[PDB]
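These notes concern the structure reproduced below.
Note that ligands are numbered from 1 as they come in the structure, with each ligand's atoms numbered from 1 the same way. Position 1 is the first residue of the sequence; numbering continues from there. When reading the values below, keep in mind they use all heavy atoms of this one structure, side chains included, and skip hydrogens, waters and symmetry mates.
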Amino acid sequence: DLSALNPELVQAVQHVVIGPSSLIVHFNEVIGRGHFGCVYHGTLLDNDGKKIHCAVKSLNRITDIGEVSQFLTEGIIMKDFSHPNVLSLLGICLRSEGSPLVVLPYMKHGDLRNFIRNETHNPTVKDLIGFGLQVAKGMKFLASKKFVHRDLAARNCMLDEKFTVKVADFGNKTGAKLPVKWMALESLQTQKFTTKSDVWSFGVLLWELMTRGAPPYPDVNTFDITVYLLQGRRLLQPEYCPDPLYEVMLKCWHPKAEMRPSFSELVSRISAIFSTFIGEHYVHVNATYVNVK
Ligand SMILES: O=C(Nc1ccc(Oc2ccnc3[nH]ccc23)c(F)c1)c1cccn(-c2ccc(F)cc2)c1=O
């Protein structure tokens, strides 16, 4: 039904729409398979003189109407998400006899977590610190628009052919369903999300980077993370992590949310650490983290 939903709100879906003949969505070519997400290879015909390859995520036709909204609603968020360290949507061409569309630019290298784990790759201490700096830049931008991510993690970050990191979100709320291992104390306790709780999340992300994609707190259950922290615990210093960068992770996990540094100060602090390295140090994988989920 198009008569309709929110005939004054869902009008923004006008701009984000493609022309008559300018798209081809192959299903023999599958970008993957999420869960309730349409992840397939996709071909787009941009005006002309341009050949754009993208990731296609447009949902079924007569799926319903109340479950359809929640979708076209989240695709709109990216309307004004224009930063080089943030993912954005190419458009939404709603078919007449097919379905309404969605489009995300194609990322050659996929998800940041899987890239660092591949053994055929050889990142250095500088490479990894540089991936972290790039995430801090995107968060400083989202923070300024008063936008709260809620799920900052290395698996939600993307990587293209130039090695530019793009923050994104791969489309219950009590105990198990949420990302309890990336959450701040106040968040786990009261279930309310803020930018200062995005800072906590960023420090876990910096941990994943220096261990080359290891899982955080592998011995502790999600049901009891609050109890484990409240004893006075934090993740350990990785082998290939610089002293000063560990001091920064500790600051992101400060007990009082208002004492944590801002994304602005993080960008500042991390660029200095970065600037003192050349690239003569290789990071190898921990045997004990190897083959662990
Ligand atoms: O539908 C989203 N995202 C998404 C992310 C990755 C996806 O998979 C690929 C895309 C391109 N190349 C690939 N190669 C292999 C896999 C792959 C993919 F299909 C979709 C999305 C929706 C709404 C809001 N936001 C959003 C953005 C910034 C933000 F900061 C928070 C939320 C999103 O990200």
_Region of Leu142 that comes within reach of ligand 1 [heavy atoms, distance under 4.0 Å]_ = side chain

_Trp182 side chain vs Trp200 backbone, donor-acceptor pair below 3.5 Å_ = no

_Nearest non-hydrogen protein atom, atom 33 (C) of ligand 1_ = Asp169 O, 3.3 Å

_For the student: nearest non-hydrogen atoms of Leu101 and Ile92, plus distance_ = O-CG2, 2.8 Å

_Closest approach of any protein heavy atom to atom 9 (C) of ligand 1, naming residue and atom_ = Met158 CE, 3.2 Å

_Heavy-atom pair with the smallest gap, counting every atom of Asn122 and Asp127_ = O-OD2, 4.2 Å

*Is the closest heavy atom of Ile31 to ligand 1 under 4.0 Å?*
yes

*Which of the ligand 1 atoms, numbered from 1, are nearer than 4.0 Å to a heavy atom of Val39*: 19 (F)

*Tell me, which protein residue and heavy-atom name are nearest atom 12 (N) of ligand 1, and how many Å apart are they?*
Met107 N, 3.1 Å

*Kindly give the heavy-atom pair with the smallest separation between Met107 and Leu159, and that separation in Å.*
CB-O, 3.5 Å

*Taking the inter-plane angle between the rings of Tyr106 and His53 on a 0 to 90° scale, is it parallel (under 30°), tilted (30 to 60°) or perpendicular (over 60°)?*
parallel

*Run the contact test for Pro105 against ligand 1 with a 4.0 Å cut-off on heavy atoms, strictly below, and give the result.*
yes

*Which residue and heavy atom of the protein sit nearest atom 20 (C) of ligand 1, plus the separation*: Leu104 CD1, 3.1 Å

_Give me the nearest non-hydrogen protein atom to atom 5 (C) of ligand 1 as residue plus atom name, then the distance to 0.1 Å._
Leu87 CD2, 3.9 Å

*Does the gap between the ring centers of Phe193 and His149 come in under 6.0 Å?*
no

*Tell me, which protein residue and heavy-atom name are nearest atom 10 (C) of ligand 1, and how many Å apart are they?*
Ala55 CB, 3.3 Å

*Do me a favour and list the nearest non-hydrogen protein atom to atom 26 (C) of ligand 1 with residue, atom name and distance?*
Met78 CE, 3.8 Å

*At what distance is the nearest protein heavy atom to atom 1 (O) of ligand 1, and which residue and atom is it?*
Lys57 CE, 3.1 Å

